[PDB]
Amino acid sequence: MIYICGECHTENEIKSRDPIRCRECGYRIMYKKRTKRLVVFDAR
Amino acid sequence: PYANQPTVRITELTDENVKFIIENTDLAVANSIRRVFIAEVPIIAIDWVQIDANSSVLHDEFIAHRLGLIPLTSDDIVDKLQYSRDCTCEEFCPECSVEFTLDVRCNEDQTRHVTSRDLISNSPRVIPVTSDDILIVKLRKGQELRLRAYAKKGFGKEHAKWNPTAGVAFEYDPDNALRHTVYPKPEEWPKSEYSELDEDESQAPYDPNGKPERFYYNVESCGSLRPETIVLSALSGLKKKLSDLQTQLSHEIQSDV
Amino acid sequence: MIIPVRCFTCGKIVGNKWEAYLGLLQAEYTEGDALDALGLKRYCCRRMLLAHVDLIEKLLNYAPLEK
Amino acid sequence: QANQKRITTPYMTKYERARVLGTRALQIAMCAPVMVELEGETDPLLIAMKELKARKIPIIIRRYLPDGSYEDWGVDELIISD
Amino acid sequence: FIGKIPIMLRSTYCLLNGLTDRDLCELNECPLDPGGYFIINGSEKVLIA
Amino acid sequence: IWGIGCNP
Amino acid sequence: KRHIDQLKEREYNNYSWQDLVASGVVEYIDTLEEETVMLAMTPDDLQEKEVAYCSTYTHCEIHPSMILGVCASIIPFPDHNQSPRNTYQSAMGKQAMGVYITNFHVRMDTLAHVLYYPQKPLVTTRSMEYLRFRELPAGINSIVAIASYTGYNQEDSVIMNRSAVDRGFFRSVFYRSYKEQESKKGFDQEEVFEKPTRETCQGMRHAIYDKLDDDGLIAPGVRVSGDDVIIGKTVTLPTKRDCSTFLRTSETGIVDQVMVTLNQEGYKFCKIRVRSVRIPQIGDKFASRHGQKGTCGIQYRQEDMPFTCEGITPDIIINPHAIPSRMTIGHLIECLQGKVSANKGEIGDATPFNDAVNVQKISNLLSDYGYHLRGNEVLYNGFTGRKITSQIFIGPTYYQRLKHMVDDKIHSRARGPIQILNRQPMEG
Amino acid sequence: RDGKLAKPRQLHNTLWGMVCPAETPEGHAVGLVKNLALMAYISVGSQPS
Amino acid sequence: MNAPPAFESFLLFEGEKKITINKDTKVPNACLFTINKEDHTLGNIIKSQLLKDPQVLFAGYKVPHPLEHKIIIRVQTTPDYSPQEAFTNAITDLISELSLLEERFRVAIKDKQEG
Amino acid sequence: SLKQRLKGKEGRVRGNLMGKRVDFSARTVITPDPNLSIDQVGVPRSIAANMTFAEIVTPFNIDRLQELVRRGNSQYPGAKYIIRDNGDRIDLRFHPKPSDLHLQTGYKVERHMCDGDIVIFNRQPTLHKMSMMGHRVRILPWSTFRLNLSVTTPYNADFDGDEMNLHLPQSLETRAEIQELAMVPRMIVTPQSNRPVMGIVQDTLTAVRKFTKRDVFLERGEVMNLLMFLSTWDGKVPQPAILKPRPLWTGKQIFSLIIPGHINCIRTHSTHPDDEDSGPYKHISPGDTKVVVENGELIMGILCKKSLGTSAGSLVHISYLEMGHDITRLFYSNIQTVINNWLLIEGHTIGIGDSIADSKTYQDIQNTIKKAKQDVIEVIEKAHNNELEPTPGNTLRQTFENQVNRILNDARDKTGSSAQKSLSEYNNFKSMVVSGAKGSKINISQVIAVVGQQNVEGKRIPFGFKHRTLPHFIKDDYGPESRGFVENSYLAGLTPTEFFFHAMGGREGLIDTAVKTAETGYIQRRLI
RNA sequence: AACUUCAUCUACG
Ligand SMILES: CO[C@@H]1[C@H](O)[C@H](n2cnc3c(=O)nc(N)[nH]c32)O[C@H]1COP(=O)(O)OP(=O)(O)OP(=O)(O)O
Ligand SMILES: [Mg+2]
Ligand SMILES: [Zn+2]
Ligand SMILES: [Zn+2]
Ligand SMILES: [Zn+2]
């Protein structure tokens with residue numbers, strides 16, 4: 001999938017079985033990024 | 001054996017408030033008119049939210065809650081609009097709902113206050129009572145809120161977002177003459193605004209034959225419906241509930257026969 | 001965290017009044033006089049502005065996850 | 001024991017009533033023939049209560065005396081506590 | 001090198017020490033956080049007197 | 001909290 | 001006056017507490033020295049010449065209220081409550097929901113509760129300023145009537161206004177974080193994050209694995225109902241074993257954040273946070289700042305709640321029977337002072353030993369704003385509209401939502417899982 | 001906590017101003033777990049030389 | 001998780017009758033009307049209007065349980081009168097009162113404005 | 001070791017055999033429900049859907065059970081399992097199983113728990129047998145168990161976060177046994193003290209005291225509304241007590257319709273003058289005290305905890321001993337319903353005005369405190385001058401302490417009596433104390449007049465510091481303020497030293513409770 | 001068609 005970087009906030013695409021290191025910053029904390037499917041919220 | 005003939009005198013009428021007096025009416029009828037003010041007057045409010053992108057600090061359902069609480073002008077088309085359950089079409093359509101859109105991004109350095117003004121309606125009659133503005137969220141630079149909402153007809157019994165009124169002030173017997181409230185020390189108690197007593201007399205003399213009449217109302221609008229039309233719609237809705245009850249009662253009596 | 005839309009007790013819209021309240025406090029107005037100028041009459045509505053703690057400004061200091 | 005020399009109480013105890021009613025209820029729920037004419041009662045426990053009131057439960061309680069002996073008291077013979 | 005000593009947060013040897021609230025926010029640390037705890041295996045532990 | 005004969 | 005004036009200009013005057021200590025104005029005294037020191041609680045009342053109790057005072061307390069700790073310092077008018085009630089309030093204030101920290105978004109902590117709309121108390125102690133209670137408050141000011149309305153506030157329960165609850169009153173967010181680490185123990189046996197396959201992986205469950213993304217981790221923003229698969233982890237079997245994590249039963253949340261990192265070992269480590277927005281129900285527990293708590297007995301809408309002449313309906317109705325045996329008069333004084341503060345626009349001062357704030361002064365202040373001296377109000381019955389004969393005590397009191405909620409405690413068992421050793425039903 | 005003696009748990013007079021009288025856990029630890037008062041400070045230690 | 005949906009308060013589920021009439025055997029000429037999905041709003045109005053009638057010996061309403069949504073109205077009338085007729089007449093009287101109120105409120109509105 | 005496996009609590013013998021974890025049990029928080037009957041309990045839908053009762057398929061219930069099976073586990077009034085004759089458990093949750101939906105006689109449908117099911121309800125600790133009682137299920141929305149408030153006292157339960165366990169019998173035999181041996185109406189009277197375990201409590205008690213005063217007069221509409229909530233009503237409106245000028249019933253006249261059958265009882269109200277019985281107006285009782293119920297009609301009197309409470313000879317106890325347990329259940333429920341609706345009319349509250357007393361009352365309290373402090377000073381001077389002589393069996397220290405304690409306690413009692421004299425009829429502290437619903441005269445006195453002496457270990461506040469109580473007091477001060485006497489009331493507010501001493505007293509009480517639990521538990525286990 | 005234990009601590013009535 002595409003993981004946003006923790007520090008430099010640049011999306012990087014990491015394949016499975018690949019070390020979690022952002023290109024150009026090296027931070028080891030990535031975030032999965034919001035889903036394409038949309039969820040309905042009742043305003044209640 | 002028949003209903004009394006009530007009389008109305010309107011003391012104050014402002015875009016936000018209606019102060020009126022209903023005389024020669026029962027306490028039950030007056031209280032239930034107040035109750036219908038609060039809970040059974042139809043209004044338009046957001047009840048469907050789909051957030052495409054929410055990078056604000058507030059989570060998605062927080063934003064949805066705040067959007068629902070935002071009042072929307074419902075003066076005329078709320079009577080025309082149908083309930084979603086009644087509408088034949090699946091989900092929502094122009095007859096059963098109104099669509100709103102929000103696409104705000106804080107490109108500038110300064111904090112962007114997303115307001116109700118940023119909500120854009122597909123139909124001009126329903127606008128978020130913008131004509132300050134209700135603040136939905138504050139966006140830091142690089143934060144974006146995108147969402148689509150659908151507003152539907154409903155009344156406050158479902159949810160407080162559909163309350164058309166802010167505060168319904170209801171008072172009867174301004175000077176305690178029916179002794180419905182028994183003061184332990186009458187002098188300590190402040191006089192009502194509608195009180196006709198002299199300053200020396202704390203309470204009016206006990207009226208043994210009296211009955212609660214001459215009810216005083218102050219209905220404050222939330223801005224969605226005009227304060228006059230809140231009262232008119234409440235009276236009409238209570239009448240419609242009674243007529244539906246009578247129709248079902250007649251049907252069941254015929255069935256029993 | 002952010003000023004609630006509608007007073008809990010009655011439902012009068014108090015969400016549009018927080019920025020004006022802060023501005024009137026900056027002017028010179030006492031809290032009570034600013035609350036009166038904004039139109040808040042019942043102590044229920046005055047509690048909404050008077051007791052509000054605006055944490056959204058502190059949360060906006062942190063950098064966004066996606067820029 | 002015999003009909004003579006019955007020393008236990010004639011009244012049915014609360015525990016005997018509970019166990020007899022439960023046992024008769026379970027039997028009725030297990031398609032056992034019902035002695036009383038149920039008046040549209042479809043609950044086995046209610047039917048058992050109805051039989052108990054009419055003294056038609058076909059059970060005899062064997063009460064064990066502390067010396068080891070036993071006395072057989074019919075449910076009809078016992079006086080209903082309630 | 002003989003070992004590693006866990007550092008109490010916001011103590012003199014913590015990296016957060018001597019940082020203004022803006023700098024603390026840049027590091028995603030609360031200005032109001034008191035400190036006085038250790039992060040061991042990712043969990044905050046407080047020594048009880 | 002009351003007295004010696006009462007409660008603490 | 002020189003010292004106090006310099007401290008008043010503290011910033012840009014480079015005068016601090018350490019300068020006060022260096023001057024010899026203040027001194028640190030421990031218990032052994034407290035045994036040999038004559039103290040005055042207050043300078044004016046005690047040091048000044050009167051009928052001479054002691055004429056050899058060696059020290060003076062800076063302020064008596066400092067004898068309390070952090071949790072007891074939030075209690076307003078603590079000298080007007082029974083002593084066990086202040087202990088109860090300390091314990092319950094450790095359990096109130098609020099914004100625990102401002103960086104709560106960054107942190108992935110299991111079991112985090114954060115309140116939507118925290119408010120600072122209308123009646124506040126001065127020492128609260130040094131506890132940062134204004135900065136990160138926990139609880140909301142609420143119009144509270146002390147009345148017996150429909151019997152659903154009896155014992156210690158509390159009736160609540162459903163309209164207020166619908167407008168955001170005491171709404172909270174519960175974040176649960178789940179951690180999973182893929183690891184290799186055997187040389188041929190490894191754990192991999194992946195979407196489990198019905199045929200490829202021997203172990204499976206009815207639970208939907210579709211929500212899992214390609215990496216085996218649910219993306220943020222996906223609704224996850226109880227027993228759905230948050231993380232998909234499969235172990236090679238020397239075909240595969242399913243060690244995928246599932247939601248705690250009845251969690252029913254929405255994924256907030258999914259972080260993927262490498263732990264110290266170098267193995268992949270995943271943390272997933274789930275949001276569940278909890279609205280107040282009729283089992284949830286709310287407590288005042290005075291040591292008397294209660295579950296929500298029932299929720300009535302604004303049409304049903306009793307209303308005053310002005311149209312105000314109490315957010316919370318508490319039974320009067322709580323007050324007498326517990327003797328938490330600080331609660332009543334706080335309601336009166338909160339009414340005065342909300343009408344005046346100031347913030348009430350409830351420091352423990354003020355001696356300048358009597359109840360009579362608060363009553364006289366409330367009289368000026370058009371209310372009854374003692375805070376009673378003529379309430380109209382919501383159902384029938386008739387005036388309630390007994391005038392009812394109404395005022396703004398600060399209430400806290402305790403972390404104990406009924407949804408977390410409801411449980412039922414029917415032929416479920418069974419232990420291996422005892423072959424008896426399991427625990428928990 | 002197991003000990004039922006009501007001597008070590010009671011609020012001593014010397015706790016005045018240094019341990020909160022109100023704030024104590026309730027249960028097996030009544031009066032055994034305490035909390036500092038607001039102005040209380042604990043000596044860090046010094047050389048007696 | 002066990003929270004009832006909001007629409008349960010006023011929406012009849014399929015197969016639910018708005019009104020069910022059961023006579024009361026304890027007393028002659030008495031009836032018990034069970035209205036479903038209704039609250040004090042209608043119950044108090046109807047009880048008051050029934051009380052105004054001279055041939056109604058008894059009129060009362062109750063909500064059997066606050067969490068559930070139902071209204072029970074007991075009406076006992078004199079001989080030569082039917083409780084069902086009393087209920088119908090009460091409803092018609094309330095409707096007429098409310099329509100008169102609407103007309104007079106509209107007139108009051110038009111007079112407060114425009115002068 | 002093997003011994004450790006079998007030895008103690010959590011061992012096999014005690015932790016696994018004498019007691020064990022069981023199926024078909026549900027725990028959740030409890031909230032009040034005045035509308036439910038005594039035996040009824042309120043069960044959330046989810047708890048009722050998880051728990052099941054196996055019902056044997058018979059020819060007379062085959063249709064209903066087949067409908068339940070068709071609904072399945074998803075629709076709530078459904079069945080979770082179908083147990084065949086062979087013992088094979090067809091599962092209705094997993095997949096339709098259309099061939100296996102068929103039911104024949106002998107099959108067991110595990111239907112969901114429904115309204116009317118008998119369930120044991122329990123609160124820990126089960127100190128007496130009334131702590132486990134059989135309740136009839138009623139399914140209500142939301143997630144808490146809901147129980148009548150008269151049933152709170154046997155369970156020792158208050159709705160402040162308490163939880164209750166629920167055990168569902170799984171057989172008709174054990175269901176009947178529970179229903180007869182343990183049903184709540186059958187548990188009304190305890191064998192421990194031959195008194196009713198349950199009585200009118202909390203709001204209902206205060207509202208009953210107010211309702212049964214002579215002053216209460218109810219108009220026609222209020223009478224009809226209250227009669228609406230009376231289940232045992234005969235449908236006949238009693239002729240009003242006052243026919244003219246306007247028809248007005250009385251609270252006693254309506255409560256007379258609650259009292260079942262023909263019950264005869266004579267009690268006395270808490271505020272009964274001892275002089276009235278000896279002197280004239282024995283049967284007139286100017287204060288409307290006394291309580292006379294003849295032929296099930298309340299002729300005269302005001303009801304309180306002495307008449308409607310848990311005590312021997314109460315109206316509740318006589319109803320149980322005379323009319324039976326079912327009729328007594330109806331009696332409790334009707335009292336609660338109609339008196340709660342009258343309370344909706346009259347209302348009840350507590351405020352600051354209740355704590356306030358007259359200015360003269362405060363002045364008298366202050367004068368009493370001044371005189372007491374002066375007398376303690378005089379006693380201390382006698383002791384210092386060695387005039388004091390030891391009381392037999394006591395040291396000079398002990399006799400001095402006893403004299404000072406006597407003076408302080410007498411002053412405290414006098415201030416309390418003055419505060420109680422100040423109380424009006426409308427005072428709500430007094431209303432709750434008189435009804436017996438909550439509070440005591442000690443609490444009123446402490447609220448209004450004087451908190452009283454703070455004593456630790458049966459003595460005034462000890463000399464914890466060296467020969468003084470606090471550093472603020474001078475050494476060797478035996479006066480009231482130094483040793484713990486609190487002259488300020490809770491309303492007035494404790495001074496800082498009084499605050500600390502009060503904290504010491506409260507701490508001692510809390511320690512006593514916490515230590516008490518374990519010793520009493522061990523004793524109870526040994527006895528059993 | 002379905003996920004171990006110990007131990008500790010912290011809370012609950
Ligand atoms: C009334 O007695 C109950 C029971 O005895 C049961 N219980 C509670 N804790 C324990 C325990 O540790 N061990 C055992 N065996 N039983 C226990 O709890 C007792 C009271 O405790 P409390 O005094 O705190 O009740 P508030 O007076 O405080 O009630 P508020 O106003 O908060 O609702
Ligand atoms: Mg409790
Ligand atoms: Zn990066
Ligand atoms: Zn449509
Ligand atoms: Zn308001």
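All values below come from the heavy atoms of this structure, side chains included, with hydrogens, waters and symmetry mates left out. Here is how names work: the chains are called A, B, and so on, in the same order as the sequence lines, proteins then strands, and each is numbered from 1.
- Taking chain H as the reference chain and counting heavy-atom pairs below 4.5 Å, the highest number among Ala518(J), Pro462(J), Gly505(J), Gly464(J) is found for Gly464(J).
- In this structure, CD1 on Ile511(J) lies 8.5 Å from CG on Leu11(H), to the nearest 0.5 angstrom.
- Applying the 6.0 Å contact sphere to CG of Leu2(J) captures no more than 12 heavy atoms from other residues, nucleotides or ligands.
- Across all non-hydrogen atoms, the minimal contact from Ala503(J) to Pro21(H) is CB-CB, 3.6 Å.
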Any idea which donor-acceptor pairs are under 3.5 Å between chain H and chain J?
residue	atom	partner	partner atom	Å
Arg9(H)	O	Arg507(J)	NH1	3.1
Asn13(H)	ND2	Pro462(J)	O	2.9
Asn13(H)	ND2	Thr469(J)	O	3.3
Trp16(H)	NE1	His472(J)	NE2	3.0
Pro21(H)	O	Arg507(J)	NH2	3.2

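- Residue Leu15(H) touches chain J through both its backbone and its side chain, counting heavy-atom pairs closer than 4.5 Å.
- If you measure heavy-atom distances from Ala22(H) to chain J, you find no contacts under 4.5 Å at all.
- Applying the ring-ring contact (aromatic ring centres under 6.0 Å, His included) test to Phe501(J) and every residue at least two apart in sequence or in another chain returns nothing.
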